[PDB]
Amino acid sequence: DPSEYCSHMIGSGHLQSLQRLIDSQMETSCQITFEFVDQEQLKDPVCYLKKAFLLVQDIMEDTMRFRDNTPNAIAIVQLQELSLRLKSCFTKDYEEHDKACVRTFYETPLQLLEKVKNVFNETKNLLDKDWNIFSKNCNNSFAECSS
């Protein structure tokens, strides 16, 4: 169900826009909590990114809010649109692993943004090499959590 166009969804436009969010934020000593997959439990590079990327999408609406019609709001609208188009690029794993490998972080908005950008950057690189990479059965990796 993944096909060749999976290599040609995430563009440099999306990434540049992610850098924009980061570059525009005021530096504060301020912290929010959010979920994210922890790299200490999910070490396999493909599966970490597979899970991570899907998590970033369904966390986006709650964690990445800007005023409507603003450049960053528009950037977020485009990432979300892009998520829907990536649908068939990730094959589903066992639903028992939905809450698996996930953890909360009490960090800065800038630090949230760094994480999201890197998941994006790395998910794009993988897809550019192999449009079929995320058809990987990730169940064994997900079960290894919480190790």
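Note that residue numbering begins at 1 and tracks the sequence as displayed.
Comparing 90-98 with 112-120, the higher mean C-alpha B-factor in the PDB entry belongs to 90-98.
Averaged over their C-alpha atoms, the temperature factors of 28-36 and 42-50 are higher for 42-50. In the PDB entry, the Cα temperature factor peaks, among 22, 138, 9, 15, at 138. For residue 62, the recorded CA B-factor ranks within the lowest third of the chain. Only modelled residues enter the ranking.
In the PDB entry, a CA B factor belonging to the highest third of its chain's modelled residues is recorded for residue 69.
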